[PDB]
Amino acid sequence: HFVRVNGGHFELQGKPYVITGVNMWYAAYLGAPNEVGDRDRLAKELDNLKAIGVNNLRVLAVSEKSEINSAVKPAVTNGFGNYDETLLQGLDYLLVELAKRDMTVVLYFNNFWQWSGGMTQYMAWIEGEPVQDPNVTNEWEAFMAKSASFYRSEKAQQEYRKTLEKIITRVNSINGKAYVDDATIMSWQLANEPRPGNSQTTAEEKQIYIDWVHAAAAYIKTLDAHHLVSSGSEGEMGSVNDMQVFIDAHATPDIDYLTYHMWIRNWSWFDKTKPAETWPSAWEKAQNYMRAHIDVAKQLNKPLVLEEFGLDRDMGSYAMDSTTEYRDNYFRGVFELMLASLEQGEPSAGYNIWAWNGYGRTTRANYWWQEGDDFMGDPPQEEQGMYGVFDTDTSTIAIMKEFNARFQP
């Protein structure tokens, strides 16, 4: 019983399936059997998530070893081809745990950004030069150009396909299931937020990006003809603000469904220090972004998942006891509009909040993750508490539970 696509919606055993999800990048890490893992916590997190109506996690499948202090440590890939089999047993365990609970997972295999190593880490290994952490340089245009250089590197593509092959052809070491046979996996996903480059991307670079999405999705389908494939794109914003790049990249049959993300604070629509003043304008831009991507989903006749979206705590606090009124009202507005869209038969096929902190805790004064600290939905490139929902965020969890039930057929 795999998750399938039929037009603008997902089906499971021929019944509509709607994604009522969270991002939990570290869920497979939690499954590791060694000191990196926390299997007791993983079971408790999944129990709590299931109790609040979550059916789907979006999870990082692979990381690349990094020496920067904005990235997960340890890594799955300790230089090209040097995979940590003990950490892969954590993915095996996560898949067993999700199956017990009738939850699914979307697994992404790379990262535009630095927090799992990702595309810039590929390039650093190839060139024998260290990664420039954009949290240190504040040189984001240069970072995005460097990350997109990955698509043009034949060596990087060979290693990336090596990595896709290593996971897709895996046998679950616990239950013996081939990954290609495991219905717990909803989708393979090319990367987290792949973009074509920076704001100065050329027409040739846009075409390289489009061709990369097509060829990578085709390659996965050679290994696995039946799991869904998605890109992990943010949408228009992840397409150098060119909706035609989004359309062209995702028009291939091998992309089964569409993704979009929304980052109203990172995109400068919302100012976390002036929330009352900036929310009205930010909400106008968000509702327009949602309609623009629902309209593209109708044109391509594919489901659309808002698989990553979040908002700061009130006044940008990282503290657990800070209020989340702006986040909660944003989530309400998104869920109201998306539920209306689903009622009207449009390809709105659900969501994954960014992100789930659950029982994870920091005791770092500066909220900055260090190796050995609890993993949170906020990865190591962001303060622990920036975007994640803690178990104690009662107001937010009530909204999630309410709408998770309303979105279920």
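Going by the working numbering, the residue at position 288 of the sequence shown is 365; the numbering climbs one at a time, nothing skipped. Beta carbons: idealized from backbone N, C-alpha and C, even for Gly.
Opposing strand residues paired with residue i [DSSP bridges]
i      : result
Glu88  : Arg81, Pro93
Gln266 : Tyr185, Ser307
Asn133 : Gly98, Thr181
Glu141 : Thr154
Beta carbon of residue i nearer than 8 Å to that of residue j
i      : j      : result
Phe227 : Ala233 : yes
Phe186 : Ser224 : no
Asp169 : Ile262 : no
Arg404 : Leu388 : yes
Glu282 : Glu311 : no
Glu231 : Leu300 : no
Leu107 : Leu175 : no
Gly158 : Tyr428 : no
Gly393 : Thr350 : yes
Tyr464 : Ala426 : no
For residue i, three-class secondary structure by DSSP
i      : result
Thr246 : coil
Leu184 : strand
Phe408 : helix
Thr154 : strand
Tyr199 : helix
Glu384 : strand
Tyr428 : strand
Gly393 : helix
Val257 : helix
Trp289 : helix
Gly435 : strand
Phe227 : helix
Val466 : strand
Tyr160 : strand
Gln364 : helix
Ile474 : helix
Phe484 : helix
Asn252 : coil
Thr240 : helix
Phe452 : coil
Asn378 : coil
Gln166 : helix
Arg118 : helix
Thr401 : coil
Spatial distance of residue i from residue j (CA atoms)
i      : j      : result
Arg390 : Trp356 : 13 Å
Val411 : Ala417 : 10 Å
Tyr436 : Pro207 : 34 Å
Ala293 : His327 : 12 Å
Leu119 : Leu165 : 15 Å
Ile332 : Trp360 : 29 Å
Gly195 : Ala138 : 11 Å
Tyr366 : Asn100 : 20 Å
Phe323 : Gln266 : 16 Å
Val136 : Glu420 : 28 Å
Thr329 : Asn133 : 25 Å
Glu88  : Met180 : 14 Å
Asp210 : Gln90  : 45 Å
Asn434 : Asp468 : 7 Å
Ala104 : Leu171 : 7 Å
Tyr395 : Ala302 : 43 Å
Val95  : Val373 : 19 Å
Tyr199 : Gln191 : 11 Å
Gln458 : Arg229 : 26 Å
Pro424 : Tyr334 : 10 Å
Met453 : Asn343 : 19 Å
Cβ of residue i within 8 Å of any chain B Cβ
i      : result
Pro486 : The structure shown contains no chain B, having only a single protein chain.
Could you tell me which whole alpha helix (DSSP H) segments of length 4 or greater appear in the segment 291-350? For the alpha helix (DSSP H) assignment, the uninterrupted runs of no fewer than 4 residues enclosed by the segment 291-350 are, from N- to C-terminal side, 320-327.
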